[PDB]
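Below is one structure; the comments refer to it alone.
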């Protein structure tokens, strides 16, 4: 399978996505909210809010990191560790998978 | 949500109590079907150029 | 002799400098057919590089230049074989592969009018084949008319057309009709490519855009009208350094910095 | 010939099939298919009404809009009944002539940014270029000039931005309208590499030059496609 | 329930680990492979106009139909390069194609969500559509005829549907997938079928019972195309993750992971040879790869195309492999 | 599917009447169209041919210049512009539907016929309820062709109407499974298993390799 398990304003709440069941090294695993991506081995990071939360990554530990530090009250929602499934390609495409 | 997860376990409980055979004995029958049926396979052994209909 | 004997526009001697003109002519075709010859050797041999309708007219222009440069090269050898038949063999072939090349330059012109000016509804069915029926057929029509009249035996130094009216009305009047066609789709493609591009590497890319356009359409082949002037005889020196090295200039532009041929050169 | 009699007409049928296909090639190659990727709350549903009515089933996934402008046929293909996962049905449009990615510039857009970012850097939609076609400017200026409560707190790079050089519009709307243009082009020219060039516009319900905005910027693709074949551009 | 159903999905991964005695690569370490075999294009089937999205073979081993996304379904005399039929479709974006085992019928499964069942053997010479199977609320990603009046069809909706052409309504709707089911392969016994999805899970289905018999996971990406191993007790799925996976029916595991590290493009087609020893995928690097389906070696490349290889099929007699790509051309290999 | 004929009979000797085959109910532009004789004291012989389109128009050697054929595909009709209608040009002229592809059933629909009257492979056979019979047609040359099957076509013909294809050893879809065919390239037999009131009538075996098509007098079952 493709297991992606995710872990008063202004509190530095960082959550650790756990990417199991697949490689996660050549997968540009982005983040989506329910009220911002990464590349392979980092080094090409994009956002929406563009400095409030930062997207780290650890392919050696097989995990995705998101460090929400200065979050707004609107940021308090359900978070989902998305995975752009076409490997080695920035083709990040009811959002269910 | 709830109704999709209510019917997910019913579509997964039958996948739990399935007669999963041993993966070596399953792969044995995988190797058996290719071994017992290989001279009738025109891609392992190439059929000669007069018998197969792809010539000239 | 010089390369400009194909496109003199003045049937007069040039021959104190014609030893230096034939020096850069014969070394020009020697490196152009070694390079545009291996442009065909990487165009016919690779089906990916000839899927483009520009790059299949370019095959038809490269072999048009490959034959015209080689028939010019063997026109020295077909003058040493001093039989009347031997010269005529080259006075048809050099005249065919001139009007083929000129038509190929011209076709590259009417291709641009479709592919870059009348940018939509460009699909004519059996396109590349319908241009070989113009590129190699209309010269084979036109050379058939010049061998019909046979005035002054149509030949002969290296054998070439040696008539006044049969050279003008068959080559010079046809090429000027072709040169106005391929200058019009040189000015128009420059004002199309200006709107797309809208000082180095943007004048240089405008140079590599226009230096690679003056040798698909043969704008340097119109140096004859500039060399018709009695003062400047540098245009004949420019003729044998450009219209002879046109094979190298097609190769260095349309077969080195194309970036798809280098994808197919590597394995 | 060594072919049999019912195989002599099995070719003579097959040649007349190709004669229909070489007639269908003239219909295929002289008609420019256009993917149309307006999202929810965008202006796609009226642009396919605008481009159809200017010039020419309950769960059908594809609506074909056949409009010709300057006598050349286009097929706008908005994608109706397929669900939100665009991952696989968008691969099917790798040989279209353009992608009319219609945007709600009125709403707040990062979803439209991250869609266009995926449509750009897709492995199959690269070398085909988006007609960006920013729709609903009548309510986009209403969100900035008339209303002003729809300010750009969503976009932190608006404070570091001003309209560089661009065409009775308000200067705060034209700063906004050429920022919505500039937000896509920061995700367009980054991974374009000249293989496909985004051709943006501004449209509304009363645009009425929307199909001409396609064709003049669809010429600018097929021209740029042919200039890349001449290595010219 | 999401943390409560996770252990039951973890009950599957340890029931499969309980059967995990030795891998197929460990089992087949002492069997001689097919080796580096040359396989050559016999017929280039020129005549399409667009990207050939999917082909399918007749069970008569000779009639080949292909779906190109120009609005043309072309039935090929594959032996003699002849075009037996060309069908001008209504949905110009046809994603898939299915030749009936009876040979009377053919399906184009469009992007427009209709499985237009074309009747080839009409009393008229025109290939009229018999039943445009409207429904299915997603791109018709695969379809496979069971009989002349029964077809199973895959959708871009996360749900496969078994249809009846004579009625015109989906009799069964297999709704276990959580992602868009990209392909579909019927069993040789035509009482089961398999369906690979964009949820990275290939789900075994009973056609009559309508039930997800097994859900095969292990692919890292969207399962692009699938085919049954011809004894009906296994299948290889081909994902976008560039690693084909031979799963085994009634075992719920992946046997062989056909992974070559120098291949990163998606496996946009999968077919099995008649032995099932030679699994020939259709990758997105414009080439195929005729994997030894037991030795898991590369064992043969079919490099006949310029664009991505969308569709492989080995015939029922196993003799040819047609190969359509995203050009107008179908290469027929041997 | 109605291949009704608009032509007429009672032709002068040497007359040049045109014989019309008005096709309807099918894609007549996608069909190879034929013309087949039937003399009232004899059996079927073939006249002409157009394939789909106009390529490969064929004729018998007896009508190679006298009879010409030309289809009107927009008008959805076939013409036989016969010229010099003489003796042995008297026949119930049957316009024949025939589509050619792999797995096709050519010669499978037949026109009602025009009773026209005037004021190579030479295959033939013998002339001859609920029981099995056989026909045993013999050819002039082998028909196996080393590419396909043997190209012999079985045409049962009910006595007061048009003929109809039985076996193009492939059974036509309009005729029942009691009919069967076998052969070995030279000798071919049509093995009916249980004949009935439809099977009574003349049978016919037409080759399809050498394009002069001959039928033989056929077993006139009674």
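Heads up, residue numbers simply count up from 1 along the chain you see.
Per the header: electron microscopy, 3.3 Å.
Note that Cβ sites are derived from N, Cα and C of the backbone, with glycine treated the same way.
Per Swiss-Prot, residue C:116 and residue C:233 occupy opposite sides of the membrane [differing topological domain names]. Here the topological domain 'Cytoplasmic' (C:114-127) has long-range neighbours at 53-54, 185, 188-189, 192, meaning same-chain residues at least 6 beyond its ends whose C-beta is under 8 angstroms from one of its own. Highest Cβ pair count under 8 Å relative to the transmembrane segment (C:206-229), across stretches C:56-78, C:85-113, C:128-148: C:85-113. Sequence-distant contacts of the topological domain 'Extracellular' (C:79-84) (same chain, at least 6 residues past either end, Cβ-Cβ under 8 Å): 90, 153, 155, 157-159. Within its own chain, residue C:87 (disulfide bond) has C:78, C:79, C:155, C:156, C:159 as residues 6 or more apart in sequence whose C-beta sits under 8 angstroms from its own.
Across C:56-78, C:166-191, C:234-257, the stretch most heavily in contact with the transmembrane segment (C:128-148), judged by Cβ pairs under 8 Å, is C:56-78.
Other C-beta atoms found within 10 angstroms of the C-beta of residue C:159 (disulfide bond) number 23, with every protein chain shown included.
Two residues, residue C:198 and residue C:199, bracket 5 residues absent from the model, and the distance between their Cα atoms is 13 angstrom. Long-range contacts of the topological domain 'Cytoplasmic' (C:45-55) within the same chain, counting only residues at least 6 positions beyond its ends with a Cβ under 8 Å from a Cβ of the stretch, are 108, 111, 115, 127-128, 254, 260-261, 264. Residues 14, 17 of the same chain lie 6 or more positions beyond the ends of the topological domain 'Extracellular' (C:230-233) yet place their CB under 8 Å from a CB of it. For the unresolved segment of 5 residues bounded by residue C:156 and residue C:157, the separation of the terminal Cα atoms comes to 6 Å.
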